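Nothing in this text is a laboratory measurement; each read-out follows from the coordinates by a stated rule. A quick note on method: Cβ atoms are made from the backbone with ideal geometry, for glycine too, and the neighbour counts reach across all protein chains shown.
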Number of protein chains: 2
Amino acid sequence: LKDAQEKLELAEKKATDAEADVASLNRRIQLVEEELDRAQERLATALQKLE
Amino acid sequence: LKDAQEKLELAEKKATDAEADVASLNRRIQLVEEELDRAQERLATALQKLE
């Protein structure tokens, strides 16, 4: 039981950290997508003014 | 020990799933980052053309 509970603890800690990493990466994805959309809009406006 | 092993299996499956999510989300992060880099390079070229 000592080994089994130690394995349980390590697996649970790893899964929780992985979930936190997933949430952080997803919010990073949405942030970077917003920045990309703003950059594309700026590019379009600049090209029109250039022409 | 039986319950501990079952929870170990569940936790390791969930952690592997979240690790795959991490891999996918980091791939998306890098790809959108590259697209944003291209967009900002285009923006810099556009400002140069404005000048």
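Structure above, values below:
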{"item": "Percent of alpha-carbon pairs separated by more than 13 Å within chain B", "result": "71"}
{"item": "10 Å Cβ neighbours from other chains, averaged over peptide B:43-50", "result": "4"}
{"item": "Karplus-derived 3J(HN,Hα), 6.51/-1.76/1.60, for each residue of the range B:38-50, Hz, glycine and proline x", "result": "4, 4, 6, 4, 4, 4, 4, 4, 5, 5, 4, 5, 4"}
{"item": "Other protein chain Cβ atoms within 10 Å, averaged over every residue that makes up B:8-15", "result": "6"}
{"item": "Under the Debye formula (equal points on every Cα, no solvent term), log10 I(q)/I(0) of the protein assembly as shown at q = 0.11, 0.14, 0.18, 0.20 Å⁻¹", "result": "-0.52, -0.65, -0.83, -0.91"}
{"item": "Sites A:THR45 and B:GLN30, calculated FRET efficiency, Cβ-Cβ separation with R0 22 Å, nearest 0.05", "result": "0.25"}
{"item": "Label geometry 7 Å along the beta-carbon vector: A:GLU51 inter-copy distances in nm", "result": "2.5"}
